[PDB]
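Asks: Below: one structure in structure tokens.
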Amino acid sequence: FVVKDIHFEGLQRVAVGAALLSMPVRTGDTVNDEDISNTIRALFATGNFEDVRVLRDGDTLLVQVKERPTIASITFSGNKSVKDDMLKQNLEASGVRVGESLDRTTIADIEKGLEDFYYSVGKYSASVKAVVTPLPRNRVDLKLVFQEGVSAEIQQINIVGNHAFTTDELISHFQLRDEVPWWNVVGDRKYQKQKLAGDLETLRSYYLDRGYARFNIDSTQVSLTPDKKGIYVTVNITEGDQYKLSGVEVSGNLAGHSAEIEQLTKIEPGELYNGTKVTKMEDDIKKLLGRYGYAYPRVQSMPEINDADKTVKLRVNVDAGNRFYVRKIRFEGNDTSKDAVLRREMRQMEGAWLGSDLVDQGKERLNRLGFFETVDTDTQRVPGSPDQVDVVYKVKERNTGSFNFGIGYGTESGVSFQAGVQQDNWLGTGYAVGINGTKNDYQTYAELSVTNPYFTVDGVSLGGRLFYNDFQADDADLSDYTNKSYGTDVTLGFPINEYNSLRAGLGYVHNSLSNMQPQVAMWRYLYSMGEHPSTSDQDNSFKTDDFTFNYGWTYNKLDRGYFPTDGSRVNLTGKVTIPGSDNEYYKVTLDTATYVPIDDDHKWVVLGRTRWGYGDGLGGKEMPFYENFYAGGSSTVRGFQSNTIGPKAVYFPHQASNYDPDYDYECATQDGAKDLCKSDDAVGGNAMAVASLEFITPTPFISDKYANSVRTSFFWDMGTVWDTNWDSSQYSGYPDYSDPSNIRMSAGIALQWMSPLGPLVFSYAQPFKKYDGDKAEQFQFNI
Amino acid sequence: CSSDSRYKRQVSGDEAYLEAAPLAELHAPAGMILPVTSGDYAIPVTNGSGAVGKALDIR
Amino acid sequence: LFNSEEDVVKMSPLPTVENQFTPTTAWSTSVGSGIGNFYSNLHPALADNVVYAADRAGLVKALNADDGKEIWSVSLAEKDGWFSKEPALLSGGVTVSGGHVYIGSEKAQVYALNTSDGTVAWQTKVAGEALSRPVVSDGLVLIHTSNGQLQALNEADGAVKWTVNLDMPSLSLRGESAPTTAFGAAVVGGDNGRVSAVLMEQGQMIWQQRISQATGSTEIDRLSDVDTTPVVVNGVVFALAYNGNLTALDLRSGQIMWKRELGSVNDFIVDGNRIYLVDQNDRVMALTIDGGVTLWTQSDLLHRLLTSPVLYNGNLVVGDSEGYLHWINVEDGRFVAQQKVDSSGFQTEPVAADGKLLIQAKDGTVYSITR
Amino acid sequence: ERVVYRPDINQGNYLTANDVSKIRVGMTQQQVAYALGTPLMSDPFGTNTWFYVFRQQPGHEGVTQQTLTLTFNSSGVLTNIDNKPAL
Amino acid sequence: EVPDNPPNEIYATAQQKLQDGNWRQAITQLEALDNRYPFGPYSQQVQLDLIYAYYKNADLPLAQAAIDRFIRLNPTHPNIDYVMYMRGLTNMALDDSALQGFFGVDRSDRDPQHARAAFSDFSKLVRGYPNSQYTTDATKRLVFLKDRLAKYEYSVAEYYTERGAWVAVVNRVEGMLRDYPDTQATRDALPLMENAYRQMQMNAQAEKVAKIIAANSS
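Chains as they are written, first to last, in the deposited numbering: chain A, 24 to 806; chain C, 25 to 83; chain B, 22 to 392; chain E, 24 to 110; chain D, 26 to 243.
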């Protein structure tokens, strides 16, 4: 029989002629009942025909095709700890997905494979069921319910072959631990069989360091304890004998650095053997020959273990390579930055032999850049010569800009706001930006600050800082506390070492004042300004244009420029006035940042911060009171309200402020309180020694896509600010504030979120030791 | 909820490489002849079909 | 955190609690502690009116089986080391044959203690652990190790007669393939779904048959705990293949008389031609010796954690790891009694020896139960 | 100038004097390229003159330099070993 | 949220939102068409409009996956020339889209990663389709890009001058020499290796450039 036509009754994925080519009974070919049955399997061999019924109208074939394709969706339900795409990856591992055909046979198989996925991850007591939900025209949904009973968790290792150490101390020598108490609670307890392998290498290291060179692990068998949780193991090892480093017989392509090689053979003959130091001394060669240019310094140790005296001799084979491996370097991730600004951040030069750490030193400048999220190296030895390594640097950049704000003093009673924004090297163009200000009907404060750190290749760091505050305390007029304060700061940054770095600059500041408060230290400073004011009236006006020399110094051995982890950046700052200034005083300030990794995989890191600061006169006219030290709120201490730490104001019994409202502002005036009024306004002290105890904690509660950016840290702060000239003969009814014992204290937690245009920090903090007069807001926004 | 009524103001793109200026070749005297093209820098230069810029294929 | 995100699996309870022959105890003496959470293939032993009881990590009694009064005590909680009086910590069940107490530790030591005081008749460290209690007989401490080694020791000193490597899975697929002696050949099953026969007198493999499937590319049950200890009535062996599968096969050749590759049974006694079982889901059934043909069944109890099924007072007696004890018809599955005798639960096996019935709770161990 | 801290500027592509002894005029480029490899410079339209040339800036005082040009002919066979110090 | 509708109407629905510019909803139509009918006769024409509306709504990694789809789905097609531009047209906007040029700042010092990719695709376009409607357009894309790659490497060669690594000056400009004549930044780089020459005291070699300087000052 020869077919007249094949009737393609429903395909839903495949073409008509593409269905015809799968048929061995195609139009024009002789058709028998065998090739009809060959057509059943071959249309089933498409992998997309659910049922195939090859029939014919005499000879005109007609195939009742039922079809499995597209699964329109796969619906996951009940996982709750594992991602469903990971389960879809197991479904990807079956080659089945949205778009694919369904197979009722592979339902239990993928259910097995997901239970085998359950088997692998750390469970076995977890079952699944795939619910086929059929959809229009051929389609099906794979609803999937995940009936997870319980995981498998470790119970007890047995170690056999151990004859020098405790199994239980080796648990404490292993990552896998089985100890979280109820009244001595510490840590957590999990299982994964890859950790078993890592604990074996941990043991392999644990016998390597002693000299156990006849040591070997025989095997290790996990008890398949019949509860679907019970993880006990045996560990079969051979303890082996102790061996002692009796000598090294290093040789090979020594490249003439054999004395420098011999410096890396500085050992004691007969000390008990460790191979990690042998591993370490091998690396130092690759750091020795690495800075000597050898990008592939093949080093091969061989422990010639001598069982006759229970010692080990040390063959070490050396291949050097060449020096001028480094041809050039490439840069990637300059897409929003300037390349030379990136390319200035290196110390291994093209046209040179390799400096291995010079990469890393350059990568440390990349690391202490801080305008990045990754800085990575791609050390491509270019084919054609082994004098050709082109090292690509794909880096991931970071966000820029940082805004701060507090909605206050209007926004409906007029146009009034806080302001302030950065631009963080101005999108990495080479121009550090920090600008702030505020426009209100209390004051008009303006400020500019801009820094090119790199005007020259010599690190010429031109920092120009400006401000123009029309600080008037505008309640009716310039009658309460006025200062039009303005001036500049030209400042240069100075390289002193790769880590030592000086700061110095010149500051101008011109201040014009009017009708100031019955604050008496304010009068006292006016009296130390050689001025004799009316203490009972705010009518006293003043112009001052101060002239100062500014200085400072920076250390930098601390990990990242944005997310550091270990080390220190010691930051001296200070200032002093000059001849020609109307006031002769000084001010010096010391703030630090010491980072100690608690965890050295850095799940926990101690962070050490203090703030030392002191400024006073050079004789006669002193440091002004607005240059004192003011804290609380956030500044480095939370729990309080801002600038609420320090000595507090007292009002002189006052008559006429040039503003006597209807009991709106109380300034010991004739609107009430016509007497001495000690107020709670922290007017700051001329000496500050504050600190905090802040510690890195992780966050296991979110996606770590962004937790790596998020800082989670609890802080524990304290403080004492005071003025050295406080002479309580004059403050006989007042607490003395020449005391370095005004001991405040607060503690709390830091919540930094890294938004895509700067960090968003928030905190709550509760003080529980405090010298009063302070204003407190226990919740803080730290944007 | 709603973000209508001119959500973006003067936000678009252009065809700046077409708006850029063309180039001009460089001369080497007799004896200073060095290789000048190292890859796909050699292209077939073409007025293969125009209608460029905004007149290019949109759909 | 961890208490609120808890995932729970659910089993069926114990139905039809009966008291038609209302149970009691003869005594409890117990020992105190034992298994607890710490799962092992330890189980008690009883002979000569001497309860061979002990704490697993601790004391080694001898209790007089009239009241469980202490005949003597020793302890393997001694002999200072890293633990400094290193605890007992036993793997296998108790064996007392002759004047020795044969026991194999989780410290991979085996012991012979003189049964009149517990004075150590001899000592041997066993190479690795054992998945099997030693069937100490014929001058041989017949051991299936965790390493899969047929280590026979001369039971007069522990002198290693041989150490013969056995069938080996990937990890310790838990189950006792106890090396059993039958008609002069060492008969062992295997936790890799395989069975074998070995020469008892030299450790020479008579035959070895893979039977059934195991975890790794065909993953199998962990609520079924396969009693891969083979029991041998005449030379058709009747034993379990790991994953629980039932198989009858020649002892001389390993050639299959019949097999149930449908088995997921836990603990088994070939009781005549009514082979009594504990299923994975803990339905009881009586199966033939010609097939897995149900003479009677009992799906009444379901989804508990049982011990081995024993026959005592004419009734099928099983306890569980719940603390319940159950008295089933030796015929069709009828509860003759039931006793929630404790809540410590029973992982070990009931010992219906000396005409008694010796059980061991997890840390409340011995209740000599009568009715 | 009068400034103090100037971090030192370095440059390799510079072989030892033993490597100068390793070769001779009349060697091929390849005879150098087996033992001393390639330099990082040769003439782009001129001859095969190879350039293993040292440069380094020391503190406050000029730049050290060891120029070494290696004139091969059109056959790439050495015709001049030309070394130059700083200045 | 798009229901299973008539697919030609879905083909019509996005076509409005293309002309409307609602590629927030045109692509929302365009996915569910290809989520249900990806092998339709216009579903590959949907792919051309998918790359279009991805480009219109600025969805280049979503576009670039769809470009490699049409590689796999239509390895032979007449409309490859559209996509072969649209591959480079992606890599044009993939290389530079940012706001820095809005401040008059010249972004030819930024990383020409996709500019190297857009250089490849348009050169493959003028080779694979030397007569297409883009072949005049893609040329001037490649014309400026050759100097954009030059002013990139010119920016590299500047830094090495103030570094003073005069060899690394020469290796950059020889790379510039090996890649393009016609960039006039090469004329700008022309004296600098000659300056590096006399800085390396390669004065005789600097004389050779001085003739090329004489050749390329005029």
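We put the CB at the ideal spot given by N, CA and C, even for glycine.
Note the first and the last residue of the continuous alpha helix (DSSP H) segment covering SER551/A.
Replies: Looking at the DSSP string, the run of the alpha helix (DSSP H) that includes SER551/A is 543 to 551.
Asks: For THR299/A, report the span of its alpha helix (DSSP H) as first-last.
Replies: First-last of the alpha helix (DSSP H) with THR299/A: 298 to 314.
Asks: Only counting runs of 3 or more residues, tell me where the beta strand (DSSP E) segments fall wholly within the stretch 68 to 94 of chain D, in order along the chain.
Replies: If we require 3 residues or more, the stretch 68 to 94 of chain D turns out to have no beta strand (DSSP E) run fully inside it.
Asks: Give the straight-line distance between the Cα atoms of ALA95/A and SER379/A, rounded to the nearest whole angstrom.
Replies: Using only the alpha carbons, I get a separation of about 54 Å.
Asks: 8 Å is my cut-off, CB to CB: does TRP103/B come that close to chain A?
Replies: Yes, its Cβ sits closer than 8 Å to a Cβ of chain A.
Asks: Using only alpha-carbon positions, find the residue among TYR522/A, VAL349/A, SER104/A that is nearest to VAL382/A.
Replies: It is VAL349/A.
Asks: Taking 8 Å as the CB-CB cut-off, is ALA190/D touching chain A?
Replies: Taking Cβ atoms only, chain A reaches closer than 8 Å to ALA190/D, which makes this a yes.
Asks: Please classify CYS700/A as buried or exposed, where buried requires at least 16 other C-beta atoms within 10 Å of its C-beta.
Replies: Looking at its Cβ environment, which holds 16 or more other Cβ atoms inside 10 Å, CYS700/A is buried.
Asks: When you compare each of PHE64/D, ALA83/D, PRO63/D, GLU34/D to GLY46/D by their alpha carbons, which one comes out closest?
Replies: When only C-alpha atoms are compared, the closest one is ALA83/D.
Asks: Skipping 5 residues on each side, what residues in its chain have a beta carbon closer than 8 Å to that of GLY344/B?
Replies: Excluding sequence neighbours, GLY344/B sits near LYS361, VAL362, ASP363, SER364, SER365, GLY366, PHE367, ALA382.
Asks: Please list the residues of the stretch 369 to 386 of chain A that have a C-beta atom closer than 7 Å to any C-beta atom in chain E, keeping them in chain order.
Replies: The stretch 369 to 386 of chain A vs chain E, Cβ under 7 Å: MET372, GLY374, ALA375, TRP376.
Asks: Which of the three DSSP states, helix, strand or coil, is assigned to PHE440/A?
Replies: Three-state result, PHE440/A: strand.
Asks: Between the Cα of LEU783/A and the Cα atoms of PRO790/A, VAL733/A, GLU800/A, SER761/A, which residue gives the shortest distance?
Replies: Measuring from the Cα of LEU783/A, the nearest candidate turns out to be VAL733/A.
Asks: Closest to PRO320/A by CA distance: which of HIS280/A, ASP332/A, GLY298/A is it?
Replies: Among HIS280/A, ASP332/A, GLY298/A, the Cα nearest to that of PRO320/A belongs to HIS280/A.
Asks: Please state if the CB of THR747/A and the CB of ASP639/A are separated by a distance shorter than 8 Å.
Replies: Closer than 8 Å, so yes.
Asks: Compare the C-beta of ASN196/D against all C-beta atoms of chain A and say whether one is closer than 8 Å.
Replies: For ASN196/D, the answer is yes, since a Cβ of chain A falls inside 8 Å of its Cβ.
Asks: Within its chain, find whatever has a CB closer than 6 Å to the CB of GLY781/A; leave out the 5 residues flanking it on each side and keep chain order.
Replies: Cβ within range, chain order: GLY424, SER425.
Asks: Does the stretch 72 to 89 of chain D touch the stretch 109 to 128 of chain D, meaning 3 or more C-beta pairs lie closer than 8 Å?
Replies: Yes: the two stretches touch, three or more of their Cβ pairs being nearer than 8 Å.
Asks: Within the continuous alpha helix (DSSP H) that includes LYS149/D, where are the two ends?
Replies: Start and end: 138 to 153.
Asks: Quick one: Cα of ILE308/A to Cα of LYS300/A, how far?
Replies: If I take the Cα positions, the gap works out to 12 Å.
Asks: Is the Cβ of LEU50/C closer than 8 Å to any Cβ of chain E?
Replies: Not an interface residue.
Asks: From which residue to which residue does the alpha helix (DSSP H) around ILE63/A run?
Replies: From DSSP, the alpha helix (DSSP H) with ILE63/A extends over 56 to 67.
Asks: Look at the alpha carbon of residue 9/A and the alpha carbon of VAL43/E, and state the distance between them as a whole number of angstroms.
Replies: Nothing can be reported for residue 9/A, as the shown portion of chain A is limited to 24 through 806.
Asks: Identify which residue in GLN217/A, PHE395/A, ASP52/A has its Cα closest to the Cα of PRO779/A.
Replies: The shortest Cα separation from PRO779/A among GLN217/A, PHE395/A, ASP52/A belongs to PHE395/A.
Asks: Where in the stretch 333 to 396 of chain A do unbroken runs of the alpha helix (DSSP H), each at least 4 residues long, occur, reported from the N-terminal end onward?
Replies: Within the stretch 333 to 396 of chain A, the complete alpha helix (DSSP H) runs of at least 4 residues are 362 to 366, 379 to 390.
Asks: Might you give, ordered along the chain, the residues of its own chain that have their beta carbon closer than 6 Å to the beta carbon of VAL673/A, omitting 5 neighbours on each side?
Replies: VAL543, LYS701, listed in sequence order.
Asks: For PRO620/A, I'd like the list of residues in its chain whose CB is within less than 7 Å of its CB, leaving aside the five on either flank, ordered along the chain.
Replies: Closer than 7 Å at the Cβ level, and outside the excluded window around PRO620/A, lie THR588, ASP589, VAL628.
Asks: Could you tell me which of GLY33/A, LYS267/A, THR83/A, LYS361/A sits nearest to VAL75/A, measuring between CA atoms?
Replies: If we check each option's Cα against that of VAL75/A, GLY33/A comes out closest.
Asks: Nearest CA to the CA of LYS386/A: which residue from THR402/A, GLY374/A, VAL341/A, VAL203/A?
Replies: Among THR402/A, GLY374/A, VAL341/A, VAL203/A, the Cα nearest to that of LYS386/A belongs to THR402/A.
Asks: Assuming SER217/B and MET226/B make a contact with CB atoms under 8 Å, what is their CB distance in whole Å?
Replies: Indeed, because the Cβ distance is near 6 Å, the residues count as touching under 8 Å.
Asks: What span of residues does the alpha helix (DSSP H) with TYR297/B cover, start to end?
Replies: No alpha helix (DSSP H) contains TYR297/B, which is instead part of the beta strand (DSSP E) from 295 to 300.
Asks: Does the Cβ of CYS690/A have 16 or more other Cβ atoms within 10 Å, making it buried, or fewer, making it exposed?
Replies: Under this definition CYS690/A is a buried residue.
Asks: DSSP three-state call for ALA455/A: helix, strand or coil?
Replies: Three-state result, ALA455/A: strand.
Asks: So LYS251/A contacts chain B; which residues on that side make the cut at Cβ distance below 9 Å?
Replies: Ordered by position in chain B, the residues that pass the 9 Å Cβ test against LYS251/A are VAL30, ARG243, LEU244.
Asks: Among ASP59/D, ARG135/D, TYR62/D, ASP162/D, which residue has its Cα nearest to the Cα of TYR107/D?
Replies: Looking at the Cα atoms, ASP162/D is the closest of the given residues.
Asks: If we count the other Cβ atoms within 10 Å of its Cβ and call it buried at 16 or more, is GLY63/C buried or exposed?
Replies: It counts as exposed.
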